[PDB]
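S.K.: I have a structure here, written as structure tokens, and I will follow up with some questions on it.
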Amino acid sequence: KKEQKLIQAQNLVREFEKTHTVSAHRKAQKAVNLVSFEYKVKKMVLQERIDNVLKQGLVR
Amino acid sequence: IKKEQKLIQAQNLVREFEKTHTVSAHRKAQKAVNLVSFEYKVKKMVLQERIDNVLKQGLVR
């Protein structure tokens, strides 16, 4: 399901915002990449959320 | 030797990461550091700290 992929991406982006880990970054970006391009705006916001955590700083 | 080349590569890549702060540079640097031999433990500790310090400042894509 395409909706399932979107939900997984939402959850993993949330986790990345909580922890800022390198591992969480990769899981979140992977999940976002796997969402269908048809969810244009939803994906853009998820991507921007990832980008914002990246610039805040990361930990291993 | 191979180990000596791996050390210099890690040093170069950490320096590049300090300059650019990119996700790509982070990965290249961390992989290279991980490949450094335990005989260079202190240099590895220093390189790892340098990576950690860039990471906490924030990265660009």
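Ligands are numbered from 1 in the order shown, chains are lettered A, B, ... in the order of the structure tokens, and residues start at 1 in each chain.
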Pull out every residue of chain B that has at least one atom within 6 Å of chain A, counting only C-alpha atoms, and report them as a ChimeraX atom specification.
M.R.: /B:55-59
S.K.: Given the selection you just returned, output its residues as a file containing N, CA and C atoms, formatted as a compact mmCIF listing (two decimals), in the first residue's frame.
M.R.:
```
# COMPACT_ATOMS: atom_id res chain seq x y z
N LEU B 55 29.34 16.89 13.13
CA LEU B 55 27.98 16.37 13.17
C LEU B 55 27.05 17.20 14.05
N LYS B 56 27.52 17.56 15.24
CA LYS B 56 26.67 18.30 16.18
C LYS B 56 26.38 19.74 15.74
N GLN B 57 27.21 20.27 14.83
CA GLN B 57 27.02 21.62 14.29
C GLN B 57 25.91 21.67 13.25
N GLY B 58 25.60 20.51 12.68
CA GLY B 58 24.59 20.44 11.64
C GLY B 58 25.19 20.15 10.29
N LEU B 59 24.42 19.46 9.46
CA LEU B 59 24.87 19.07 8.14
C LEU B 59 24.05 19.71 7.05
```
S.K.: Could you give me, as a short mmCIF file (atom, residue, chain, number, x, y, z; two decimals) with N, CA, C and O atoms, in the first residue's frame, the residues within 8 Å of residue 6 in chain A, counting only C-alpha atoms and dropping anything in the same chain fewer than 5 positions from it?
M.R.:
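Saved to part.cif:
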```
data_model
loop_
_atom_site.label_atom_id
_atom_site.label_comp_id
_atom_site.auth_asym_id
_atom_site.auth_seq_id
_atom_site.Cartn_x
_atom_site.Cartn_y
_atom_site.Cartn_z
N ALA A 31 12.59 5.88 4.13
CA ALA A 31 11.13 5.80 4.14
C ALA A 31 10.52 6.89 3.25
O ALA A 31 9.61 6.61 2.46
N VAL A 32 11.03 8.12 3.36
CA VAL A 32 10.54 9.22 2.53
C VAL A 32 10.80 8.95 1.04
O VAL A 32 9.92 9.18 0.20
N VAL A 35 8.11 6.62 -0.51
CA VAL A 35 6.75 7.11 -0.73
C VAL A 35 6.57 7.54 -2.18
O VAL A 35 7.44 8.17 -2.77
#
```
S.K.: For residue 24 in chain B, work out the shell of residues within 9 Å, counting only C-alpha atoms and skipping chain neighbours fewer than 5 positions away, then give it as a PDB file with N, CA, C and O atoms, in the first residue's frame.
M.R.:
```
ATOM      1  N   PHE B  17      35.440  16.924   5.336  1.00  0.00           N
ATOM      2  CA  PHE B  17      34.170  17.002   6.053  1.00  0.00           C
ATOM      3  C   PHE B  17      34.074  18.274   6.908  1.00  0.00           C
ATOM      4  O   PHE B  17      33.033  18.933   6.945  1.00  0.00           O
ATOM      5  N   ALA B  29      34.055  10.191   5.387  1.00  0.00           N
ATOM      6  CA  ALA B  29      34.957  10.337   6.527  1.00  0.00           C
ATOM      7  C   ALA B  29      34.760   9.220   7.553  1.00  0.00           C
ATOM      8  O   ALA B  29      35.730   8.631   8.038  1.00  0.00           O
ATOM      9  N   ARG B  61      22.841  18.984   2.855  1.00  0.00           N
ATOM     10  CA  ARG B  61      22.585  17.858   1.962  1.00  0.00           C
ATOM     11  C   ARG B  61      23.567  17.808   0.792  1.00  0.00           C
ATOM     12  O   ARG B  61      24.503  18.607   0.700  1.00  0.00           O
TER      13      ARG B  61
END
```
S.K.: Do a neighbour search on residue 14 in chain A at 12 Å with only C-alpha atoms, toss out local chain neighbours closer than 4 positions, and write the hits as a list in words.
M.R.: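 Result of the neighbour search: residues 7, 8, 9, 10, 18, 19, 20, 21, 24, 25, 27, 28, 29, 31, 32, 46, 47, 49, 50 and 53 of chain A.
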S.K.: I need the chosen residues saved as a compact mmCIF listing (two decimals), in the first residue's frame, with N, CA, C and O atoms.
M.R.:
```txt
# COMPACT_ATOMS: atom_id res chain seq x y z
N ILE A 7 2.59 6.42 6.01
CA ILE A 7 2.50 6.28 7.46
C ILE A 7 3.86 5.93 8.08
O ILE A 7 4.27 6.54 9.07
N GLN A 8 4.54 4.95 7.49
CA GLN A 8 5.88 4.55 7.95
C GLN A 8 6.86 5.73 7.92
O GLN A 8 7.64 5.92 8.86
N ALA A 9 6.80 6.52 6.85
CA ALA A 9 7.66 7.69 6.70
C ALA A 9 7.34 8.73 7.77
O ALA A 9 8.25 9.29 8.39
N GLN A 10 6.06 8.96 8.03
CA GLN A 10 5.65 9.88 9.08
C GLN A 10 6.21 9.47 10.44
O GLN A 10 6.74 10.29 11.19
N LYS A 18 12.98 13.30 17.28
CA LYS A 18 13.19 13.01 18.70
C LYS A 18 14.64 12.73 19.06
O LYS A 18 15.09 13.11 20.14
N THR A 19 15.37 12.02 18.19
CA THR A 19 16.67 11.49 18.57
C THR A 19 17.86 12.13 17.85
O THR A 19 18.97 12.11 18.37
N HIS A 20 17.63 12.65 16.64
CA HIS A 20 18.71 13.26 15.85
C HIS A 20 19.86 12.29 15.56
O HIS A 20 20.99 12.73 15.32
N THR A 21 19.62 10.98 15.57
CA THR A 21 20.73 10.06 15.32
C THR A 21 21.00 9.88 13.83
O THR A 21 20.10 10.03 12.99
N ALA A 24 18.70 7.13 12.65
CA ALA A 24 17.34 7.61 12.45
C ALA A 24 17.22 8.48 11.21
O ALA A 24 16.19 8.44 10.53
N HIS A 25 18.25 9.27 10.90
CA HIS A 25 18.27 10.05 9.67
C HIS A 25 18.10 9.13 8.46
O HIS A 25 17.28 9.39 7.58
N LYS A 27 17.03 5.94 8.24
CA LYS A 27 15.74 5.27 8.20
C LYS A 27 14.63 6.22 7.73
O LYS A 27 13.78 5.83 6.94
N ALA A 28 14.65 7.46 8.22
CA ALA A 28 13.66 8.44 7.80
C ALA A 28 13.77 8.80 6.32
O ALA A 28 12.76 8.84 5.62
N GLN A 29 14.99 9.05 5.85
CA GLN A 29 15.19 9.41 4.45
C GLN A 29 14.85 8.24 3.51
O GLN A 29 14.25 8.45 2.46
N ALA A 31 12.59 5.88 4.13
CA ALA A 31 11.13 5.80 4.14
C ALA A 31 10.52 6.89 3.25
O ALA A 31 9.61 6.61 2.46
N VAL A 32 11.03 8.12 3.36
CA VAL A 32 10.54 9.22 2.53
C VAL A 32 10.80 8.95 1.04
O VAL A 32 9.92 9.18 0.20
N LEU A 46 7.59 16.33 4.77
CA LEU A 46 8.42 15.30 5.42
C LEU A 46 9.89 15.53 5.13
O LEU A 46 10.74 15.45 6.03
N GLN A 47 10.19 15.84 3.87
CA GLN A 47 11.56 16.14 3.48
C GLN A 47 12.09 17.36 4.21
O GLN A 47 13.23 17.37 4.68
N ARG A 49 11.12 18.52 7.07
CA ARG A 49 11.32 18.14 8.47
C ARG A 49 12.67 17.44 8.66
O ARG A 49 13.39 17.71 9.62
N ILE A 50 13.01 16.54 7.74
CA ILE A 50 14.32 15.89 7.76
C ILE A 50 15.45 16.92 7.64
O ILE A 50 16.40 16.92 8.43
N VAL A 53 16.09 18.91 10.86
CA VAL A 53 16.83 18.16 11.88
C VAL A 53 18.32 18.11 11.52
O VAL A 53 19.19 18.32 12.37
```
S.K.: Can you work out which one of B:25, B:42, B:1, B:60 has the shortest atom-to-atom distance to residue 13 in chain B, counting only C-alpha atoms?
M.R.: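 So, comparing all the options, the nearest one is B:25.
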S.K.: What does the distance from CA of residue 26 in chain A to CA of residue 30 in chain B come to in Å, to one decimal?
M.R.: 14.5 Å
S.K.: Quick one, how far is CA of residue 45 in chain A from CA of residue 26 in chain B?
M.R.: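 Interatomic distance here is 24.2 Å.
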S.K.: What separation in Å, quoted to one decimal, exists between CA of residue 40 in chain A and CA of residue 21 in chain B?
M.R.: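 Going from CA of residue 40 in chain A over to CA of residue 21 in chain B, I get 28.1 Å.
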S.K.: Name all residues at most 12 Å from residue 31 in chain B (count only C-alpha atoms; drop same-chain ones fewer than 3 positions away) and give them as a list in words.
M.R.: residues 6, 7, 9, 10, 11, 13, 14, 24, 25, 26, 27, 28, 34, 35, 36, 44, 47, 48 and 51 of chain B
S.K.: Residues of the last selection are to be written out with C-alpha atoms, as a PDB file, in the first residue's frame.
M.R.:
```pdb
ATOM      1  CA  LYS B   6      44.010   4.062   4.955  1.00  0.00           C
ATOM      2  CA  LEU B   7      45.138   6.387   7.751  1.00  0.00           C
ATOM      3  CA  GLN B   9      42.749   8.770   3.498  1.00  0.00           C
ATOM      4  CA  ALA B  10      40.830   9.070   6.765  1.00  0.00           C
ATOM      5  CA  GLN B  11      42.795  12.204   7.694  1.00  0.00           C
ATOM      6  CA  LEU B  13      38.405  12.891   4.385  1.00  0.00           C
ATOM      7  CA  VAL B  14      37.883  14.220   7.899  1.00  0.00           C
ATOM      8  CA  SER B  24      28.308  12.777   1.578  1.00  0.00           C
ATOM      9  CA  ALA B  25      31.485  14.011   3.262  1.00  0.00           C
ATOM     10  CA  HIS B  26      30.261  12.684   6.612  1.00  0.00           C
ATOM     11  CA  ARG B  27      29.834   9.184   5.205  1.00  0.00           C
ATOM     12  CA  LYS B  28      33.153   9.139   3.393  1.00  0.00           C
ATOM     13  CA  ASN B  34      36.344   2.878  10.655  1.00  0.00           C
ATOM     14  CA  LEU B  35      38.874   1.261   8.309  1.00  0.00           C
ATOM     15  CA  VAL B  36      41.880   2.667  10.213  1.00  0.00           C
ATOM     16  CA  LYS B  44      41.418   7.379  15.345  1.00  0.00           C
ATOM     17  CA  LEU B  47      39.515  11.837  13.939  1.00  0.00           C
ATOM     18  CA  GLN B  48      36.341  10.456  15.500  1.00  0.00           C
ATOM     19  CA  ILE B  51      33.659  13.942  13.005  1.00  0.00           C
TER      20      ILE B  51
END
```
S.K.: Choose the residue, out of A:39, A:34, A:17, A:48, that has the smallest atom-to-atom separation from residue 5 in chain A; count only C-alpha atoms.
M.R.: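 Of all the options, A:34 lies closest to residue 5 in chain A.
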